[PDB]
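Here's a solo chain for you in structure tokens, the form deposited in one PDB entry.
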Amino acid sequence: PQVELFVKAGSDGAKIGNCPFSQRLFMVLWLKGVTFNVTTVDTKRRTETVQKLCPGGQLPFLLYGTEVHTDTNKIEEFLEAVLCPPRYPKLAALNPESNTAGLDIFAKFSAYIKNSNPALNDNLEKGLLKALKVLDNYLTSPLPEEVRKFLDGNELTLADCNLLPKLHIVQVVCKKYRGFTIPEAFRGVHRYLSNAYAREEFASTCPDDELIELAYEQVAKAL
């Protein structure tokens, strides 16, 4: 059953654009081991064929055989279910908590980078740091095997596929527009990212820095 993921086209209208939802799904298909294609979509020049497949224009979406699936949480719940052992690994996390550690980081990041207000900047900065801190604590707090590279153990899971693309954007945009870096004293967070960038599943599905940045340029205002 041919699998095809349709994603955000970058600036030239051809290559892979900035979007943590497309990367997340790219990462899952990769981890699933299935054969699949990725097809970029310029939303300001949509092909005839895409309007037929996906009238609503939602992106990303998944052509599974003849079925169209929209909404990133659904597309992933669908893949995890239908691409399943023995032929394909189960990717879901075993600890419910892996699925929520850090979930708040992105929202605090967005609030922080969109803010033009100099007076609020230290609250927002500090908000982001505490959220990173909670993640750092979940990452160093031993999981129910004890006598670890990623959120839920030593294998990449759905939880990482969701969190990693968002973390990447956070790092890359905060560096560029705010001179902000994740403190080195979050060792748990920094081994996690070192381990993540060492895996091609994550490394190879990252949009280039220059694309991540360009996309947040209108939004990210100086103080």
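Residue indices: 1-based, along the sequence shown.
As for the form deposited with a small molecule bound, it is not shown, yet the points below apply to it.
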Self-check item: Listed residue (38, 50, 59, 174) with a non-hydrogen atom within 4.5 angstroms of the small molecule in the entry with it bound
Solution: 59
Quiz item: Within 4.5 Å of the small molecule in the entry with it bound: all of 8, 19 and 22, by heavy atom?
Solution: yes
Quiz item: Can you say which of 108-116, 91-99, 70-78, 131-139 gets within 4.5 Å of the small molecule in the entry with it bound, counting heavy atoms only?
Solution: 70-78
